[PDB]
């Protein structure tokens, strides 16, 4: 009877890629919001001008005003600073904390009932910021990070074996880089565990390339970071809510005892559907995987205690 509404805060490469992925799925009308005058308006009109050629019926508009986001079903935060050389990890956390706080207060006011998906680095912590500033219940606040790590690892496995991208699957817990918990046991090619298809040496190498995945694209582009794959990872989450798909994906979810952790967001396997985070799946981990998850959890917990 009426199409749902998605607002994307940050009309940069990742925000505009997300709008592109969502337009082709015909899942919602889209509002692109950004502080820079003219930019979201132009990307929005440009994308909508592809509609007659590409077949899709969705309206894409741009604003510099959070009021344009009123009555959104899903709001995606793609805005944030990247770490400049001569900038502490704490300086990144403090800058992005202020960015995510201000965006969340504005969007939670214009869409009190929204689902909130965060991308801003560092992701597990920026999800906590969004959670506490919005006042939304836990099922309505989440972050993209595990789907992107998973997507890169699947890509490297598929190219290494030369098999279909559709047939390679991987669950990854934790965050990006050193906070990541790859799971070879939860990594399959057409149902076949990857440990049967690649030697340990090659799996460890592909795991290292996954940990360094975002940095590898930053090195090749030289200015700016990845946008196609992060856009796609977010588009999957938006669509899993709007079409009630009950996807089983790794997402940054608020924990209240799962994996022995309370009071933090971590990258965990969830059922994602029309009521948002519908279930957190607690899977079997080795002592080593549990200890890696716990260490990543401890780092997130002590970063939170330093937030304004």
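Numbering follows the first chain given and starts at 1.
* To do: Report the stretch with the higher mean CA temperature factor, choosing between 87 to 95 and 188 to 196 on the basis of the entry.
  => It is 87 to 95 that shows the higher mean C-alpha B-factor.
* Asked: Of 103 to 111 and 146 to 154, which one has the bigger average CA B-factor?
  -> According to the entry, 103 to 111 carries the higher average C-alpha B-factor.
* To do: Using the temperature factors in the entry, find which of 240, 32, 35, 47 has the highest value at its Cα atom.
  => Max CA B-factor in the entry, restricted to 240, 32, 35, 47: 35.
* Asked: According to the deposited entry, which of 182, 231, 213, 175 has the largest Cα B-factor?
  -> In the PDB entry, the greatest C-alpha B-factor among 182, 231, 213, 175 is found at 182.
* Where does residue 274 sit by CA temperature factor within its chain: lowest, middle or highest third? -> Tercile = lowest for this residue's CA B-factor.
* Chain-wide C-alpha B factor ranking for residue 129, given as lowest, middle or highest third -> CA B-factor rank for residue 129: middle third.
* **Chain-wide C-alpha B factor ranking for residue 282, given as lowest, middle or highest third** => Top third by C-alpha B-factor.
* To do: Divide the modelled residues of the chain into thirds by Cα B-factor and specify which third, lowest, middle or highest, holds residue 119.
  => Its C-alpha B-factor, which the entry lists for residue 119, ranks in the lowest third among residues of this chain.
* To do: Ordered by C-alpha B-factor within the chain, which third holds residue 204? Give me lowest, middle or highest, please.
  => Highest third - that is where residue 204 ends up once the chain's C-alpha B-factors are sorted.
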